[PDB]
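Chemist: My file is input.txt. It has compact mmCIF, C-alpha atoms:
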# COMPACT_ATOMS: atom_id res chain seq x y z
CA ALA B 1 -36.57 5.71 -6.58
CA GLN B 2 -33.63 6.00 -8.97
CA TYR B 3 -31.14 5.32 -6.19
CA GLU B 4 -32.31 2.57 -3.78
CA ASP B 5 -30.82 0.99 -0.70
CA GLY B 6 -29.81 -2.55 -1.71
CA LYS B 7 -29.42 -1.55 -5.34
CA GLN B 8 -26.49 0.80 -6.04
CA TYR B 9 -25.57 0.78 -2.36
CA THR B 10 -26.31 -0.90 0.97
CA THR B 11 -26.68 0.74 4.37
CA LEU B 12 -24.69 -0.28 7.42
CA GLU B 13 -27.10 -1.22 10.19
CA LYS B 14 -24.14 -0.49 12.38
CA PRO B 15 -22.96 2.99 11.36
CA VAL B 16 -19.40 4.04 12.10
CA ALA B 17 -18.93 7.38 13.86
CA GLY B 18 -16.11 9.75 12.91
CA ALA B 19 -15.34 7.80 9.73
CA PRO B 20 -13.57 9.46 6.76
CA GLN B 21 -15.99 10.94 4.23
CA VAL B 22 -15.00 8.79 1.27
CA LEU B 23 -13.27 5.60 2.43
CA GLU B 24 -11.87 3.06 -0.01
CA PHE B 25 -10.40 -0.42 0.69
CA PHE B 26 -8.23 -2.52 -1.59
CA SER B 27 -5.56 -5.19 -1.81
CA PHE B 28 -2.74 -5.47 -4.29
CA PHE B 29 -3.75 -9.16 -4.47
CA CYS B 30 -7.28 -8.19 -5.46
CA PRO B 31 -8.10 -8.65 -9.17
CA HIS B 32 -11.08 -6.27 -9.30
CA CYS B 33 -8.86 -3.78 -7.45
CA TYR B 34 -6.34 -4.03 -10.23
CA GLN B 35 -9.13 -3.25 -12.73
CA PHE B 36 -10.40 -0.38 -10.49
CA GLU B 37 -6.94 1.13 -10.48
CA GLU B 38 -5.45 0.35 -13.91
CA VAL B 39 -8.41 0.09 -16.27
CA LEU B 40 -11.27 2.05 -14.65
CA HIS B 41 -9.47 4.69 -12.56
CA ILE B 42 -12.39 4.66 -10.08
CA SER B 43 -10.74 6.69 -7.30
CA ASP B 44 -9.83 9.33 -9.76
CA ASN B 45 -13.23 9.59 -11.39
CA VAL B 46 -14.98 9.70 -8.01
CA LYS B 47 -12.68 12.60 -6.96
CA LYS B 48 -13.57 14.47 -10.17
CA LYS B 49 -17.26 14.39 -9.15
CA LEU B 50 -17.05 14.89 -5.39
CA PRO B 51 -18.13 18.26 -3.96
CA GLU B 52 -14.97 20.09 -2.96
CA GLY B 53 -14.12 20.24 0.72
CA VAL B 54 -14.39 16.42 0.61
CA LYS B 55 -11.34 14.29 1.34
CA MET B 56 -10.66 10.92 -0.08
CA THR B 57 -9.10 8.05 1.89
CA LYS B 58 -7.70 4.74 0.63
CA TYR B 59 -6.52 1.82 2.79
CA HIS B 60 -4.90 -1.59 2.17
CA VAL B 61 -6.16 -4.80 3.80
CA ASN B 62 -4.53 -7.86 5.37
CA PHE B 63 -6.96 -10.62 4.58
CA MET B 64 -5.51 -11.48 1.15
CA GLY B 65 -2.10 -12.99 0.46
CA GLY B 66 -1.22 -13.96 4.01
CA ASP B 67 2.24 -12.87 5.15
CA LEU B 68 2.86 -10.76 2.05
CA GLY B 69 -0.56 -9.17 2.35
CA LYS B 70 0.50 -7.79 5.74
CA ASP B 71 3.84 -6.61 4.32
CA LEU B 72 1.81 -4.79 1.71
CA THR B 73 -0.35 -3.00 4.31
CA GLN B 74 2.80 -1.81 6.09
CA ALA B 75 4.29 -0.73 2.70
CA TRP B 76 1.13 1.18 1.83
CA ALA B 77 1.45 2.87 5.24
CA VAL B 78 5.00 3.85 4.17
CA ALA B 79 3.63 5.09 0.85
CA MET B 80 1.01 7.18 2.75
CA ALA B 81 3.55 8.64 5.20
CA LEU B 82 6.01 9.63 2.45
CA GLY B 83 3.25 10.87 0.17
CA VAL B 84 4.27 8.59 -2.66
CA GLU B 85 1.05 6.64 -3.29
CA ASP B 86 0.99 7.72 -6.91
CA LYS B 87 4.45 6.40 -7.69
CA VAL B 88 4.17 2.92 -6.25
CA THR B 89 0.54 1.95 -6.79
CA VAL B 90 0.93 0.84 -10.38
CA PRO B 91 4.26 -1.07 -10.02
CA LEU B 92 2.94 -2.77 -6.86
CA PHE B 93 -0.19 -4.04 -8.69
CA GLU B 94 1.81 -5.18 -11.69
CA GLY B 95 4.54 -6.74 -9.53
CA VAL B 96 1.98 -8.75 -7.56
CA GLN B 97 -0.51 -9.66 -10.34
CA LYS B 98 1.07 -9.09 -13.77
CA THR B 99 4.75 -9.95 -13.63
CA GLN B 100 4.60 -11.78 -10.27
CA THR B 101 8.02 -10.51 -9.24
CA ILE B 102 6.88 -9.50 -5.79
CA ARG B 103 7.40 -12.38 -3.40
CA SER B 104 8.98 -10.91 -0.28
CA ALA B 105 9.22 -7.67 1.69
CA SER B 106 12.53 -7.06 -0.10
CA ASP B 107 10.84 -7.15 -3.51
CA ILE B 108 8.24 -4.64 -2.26
CA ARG B 109 11.13 -2.45 -1.15
CA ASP B 110 12.74 -2.73 -4.67
CA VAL B 111 9.59 -1.18 -6.16
CA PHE B 112 10.00 1.90 -3.92
CA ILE B 113 13.76 2.17 -4.66
CA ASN B 114 13.09 1.97 -8.37
CA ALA B 115 10.33 4.56 -7.96
CA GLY B 116 13.03 6.82 -6.55
CA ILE B 117 12.53 6.69 -2.77
CA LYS B 118 15.88 6.38 -1.02
CA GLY B 119 16.80 3.19 0.80
CA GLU B 120 17.53 4.97 4.01
CA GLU B 121 14.26 6.87 3.81
CA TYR B 122 12.24 3.75 3.04
CA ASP B 123 13.74 1.64 5.84
CA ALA B 124 13.39 4.49 8.37
CA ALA B 125 9.72 4.97 7.41
CA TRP B 126 9.23 1.15 7.37
CA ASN B 127 10.41 0.91 10.98
CA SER B 128 8.85 4.11 12.33
CA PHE B 129 6.06 4.34 14.93
CA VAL B 130 4.27 6.82 12.70
CA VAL B 131 3.98 3.91 10.22
CA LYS B 132 2.90 1.54 13.01
CA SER B 133 -0.08 3.73 13.88
CA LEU B 134 -0.86 4.24 10.19
CA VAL B 135 -0.98 0.42 9.90
CA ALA B 136 -3.22 0.44 13.00
CA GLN B 137 -5.60 2.95 11.37
CA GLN B 138 -5.95 0.83 8.24
CA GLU B 139 -6.82 -2.21 10.29
CA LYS B 140 -9.17 -0.29 12.59
CA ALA B 141 -11.07 1.23 9.69
CA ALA B 142 -11.56 -2.20 8.11
CA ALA B 143 -12.47 -3.76 11.45
CA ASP B 144 -15.08 -1.07 12.09
CA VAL B 145 -17.18 -2.19 9.06
CA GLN B 146 -16.44 -5.91 9.45
CA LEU B 147 -14.81 -5.91 6.05
CA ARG B 148 -14.61 -9.29 4.33
CA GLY B 149 -14.34 -8.11 0.74
CA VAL B 150 -12.48 -5.70 -1.53
CA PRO B 151 -12.71 -3.48 -3.52
CA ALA B 152 -14.99 -1.65 -1.13
CA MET B 153 -16.02 1.95 -0.70
CA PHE B 154 -17.81 3.54 2.23
CA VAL B 155 -19.29 7.02 2.38
CA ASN B 156 -19.74 9.03 5.58
CA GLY B 157 -19.45 5.89 7.66
CA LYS B 158 -22.89 4.70 6.63
CA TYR B 159 -23.18 3.72 2.98
CA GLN B 160 -21.35 1.02 1.09
CA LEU B 161 -21.12 1.03 -2.70
CA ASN B 162 -22.72 -1.95 -4.36
CA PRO B 163 -21.11 -2.28 -7.82
CA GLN B 164 -22.85 -5.62 -8.50
CA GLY B 165 -26.04 -3.60 -9.06
CA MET B 166 -24.64 -1.38 -11.86
CA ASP B 167 -24.19 -2.13 -15.60
CA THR B 168 -20.93 -3.72 -16.87
CA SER B 169 -21.59 -3.81 -20.64
CA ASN B 170 -19.72 -0.53 -20.95
CA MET B 171 -16.69 0.19 -18.78
CA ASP B 172 -17.12 3.98 -18.94
CA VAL B 173 -20.80 3.84 -18.14
CA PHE B 174 -19.99 1.71 -15.11
CA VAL B 175 -17.50 4.22 -13.77
CA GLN B 176 -19.87 7.20 -14.15
CA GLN B 177 -22.67 5.35 -12.44
CA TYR B 178 -20.27 4.43 -9.69
CA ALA B 179 -19.04 8.00 -9.26
CA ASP B 180 -22.50 9.59 -9.43
CA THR B 181 -23.59 7.11 -6.81
CA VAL B 182 -20.76 8.29 -4.55
CA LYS B 183 -21.82 11.91 -5.15
CA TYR B 184 -25.47 11.13 -4.36
CA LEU B 185 -24.46 9.38 -1.15
CA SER B 186 -22.14 12.25 -0.38
CA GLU B 187 -25.01 14.78 -0.49
CA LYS B 188 -27.39 12.52 1.41
When written as structure tokens, how does the structure in this file appear?

Modeler:
Amino acid sequence: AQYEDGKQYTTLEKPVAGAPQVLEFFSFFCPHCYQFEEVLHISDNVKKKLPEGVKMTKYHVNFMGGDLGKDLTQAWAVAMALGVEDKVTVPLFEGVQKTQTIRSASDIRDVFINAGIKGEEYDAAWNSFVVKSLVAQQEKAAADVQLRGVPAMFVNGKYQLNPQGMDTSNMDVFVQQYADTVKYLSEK
């Protein structure tokens, strides 16, 4: 076929019930994730091709960057609760990987303050049980697919994007193939 299991995607032999329709995993420590966000705008281009009525979910993971990696998953939970994903994503990536000015929870917090979230609001969200369960969700979703690598996308709890089997000569052509593959899997 044009789209084949093991080529543009793999199938989970252990499918995950009740999973979000389009589920994406990343880490601010993850170099390809930086590319996916900054250079390729994958999430965005997938959205532009998804049928509407489809919701898009993105979660952070713990298994990179030890202690700070976990701080980052809590901070992303804060970003999700406050609805400010789009204001912190870029400065978090660049603070971790480009300028390397993020070294502690306090530096993560500085990024949010600078992005305009109030101190009081950030620390209250940081310490809230709504953020604790949001952290719990992120971990559970990753756990459910025995996730050992990022970036990673799952569709309908049963297909996993396989970007290694797509062309990388052309950045734009890669993205479209990637997004079309999500759409195909979506309609499957």

Chemist: Can you tell me, as a list in words, what residues are no more than 6 Å from residue 25 (chain B) when counting all atoms listed in the file, ignoring any on the same chain fewer than 5 positions away?

Modeler: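 Residues meeting the cut-off are residues 58, 59, 60, 151 and 152 of chain B.
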
Chemist: Counting only C-alpha atoms, which residues in region 49-112 of chain B sit no more than 7 Å from region 120-135 of chain B? For each one, give the nearest pair of atoms and the distance in Å, sorted by chain then residue number, as a Markdown table.

Modeler:
| residue | atom | partner | partner_atom | distance |
| --- | --- | --- | --- | --- |
| B:73 | CA | B:135 | CA | 6.6 |
| B:74 | CA | B:135 | CA | 5.8 |
| B:77 | CA | B:134 | CA | 5.6 |
| B:78 | CA | B:125 | CA | 5.8 |
| B:81 | CA | B:131 | CA | 6.9 |

Chemist: Go ahead and fit an axis-aligned box to every listed atom of region 100-117 of chain B plus 8 Å each side, and pass me the centre and edge lengths in Å, one decimal, as JSON.

Modeler:
{"center_x": 9.2, "center_y": -2.8, "center_z": -4.3, "size_x": 25.2, "size_y": 35.2, "size_z": 28.0}

Chemist: Identify the residues around (-13.8, 1.9, -14.8) within a radius of 9 Å, measuring from all atoms listed in the file in the coordinates stated by the file, and give them as a short mmCIF file (atom, residue, chain, number, x, y, z; two decimals) with C-alpha atoms, keeping the file's coordinate frame.

Modeler:
data_model
loop_
_atom_site.label_atom_id
_atom_site.label_comp_id
_atom_site.auth_asym_id
_atom_site.auth_seq_id
_atom_site.Cartn_x
_atom_site.Cartn_y
_atom_site.Cartn_z
CA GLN B 35 -9.13 -3.25 -12.73
CA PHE B 36 -10.40 -0.38 -10.49
CA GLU B 37 -6.94 1.13 -10.48
CA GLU B 38 -5.45 0.35 -13.91
CA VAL B 39 -8.41 0.09 -16.27
CA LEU B 40 -11.27 2.05 -14.65
CA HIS B 41 -9.47 4.69 -12.56
CA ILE B 42 -12.39 4.66 -10.08
CA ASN B 45 -13.23 9.59 -11.39
CA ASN B 170 -19.72 -0.53 -20.95
CA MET B 171 -16.69 0.19 -18.78
CA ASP B 172 -17.12 3.98 -18.94
CA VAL B 173 -20.80 3.84 -18.14
CA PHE B 174 -19.99 1.71 -15.11
CA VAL B 175 -17.50 4.22 -13.77
CA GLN B 176 -19.87 7.20 -14.15
CA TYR B 178 -20.27 4.43 -9.69
#

Chemist: Which of these, B:1, B:80, B:95, B:182, has the shortest distance to residue 110 (chain B) once you count all atoms listed in the file?

Modeler: B:95

Chemist: When you count all atoms listed in the file, which of these residues is closest to residue 150 (chain B): B:9, B:26, B:112, B:3?

Modeler: B:26

Chemist: Any idea what's packed within 9 Å of residue 92 (chain B), counting only C-alpha atoms, ignoring anything in its chain fewer than 2 positions away? Could you give it as a VMD selection string?

Modeler: chain B and resid 28 72 88 to 90 94 to 97 102 108 111 to 112

Chemist: What is the CA of residue 53 (chain B)-CA of residue 4 (chain B) distance in Å, reported with one decimal?

Modeler: 25.8 Å
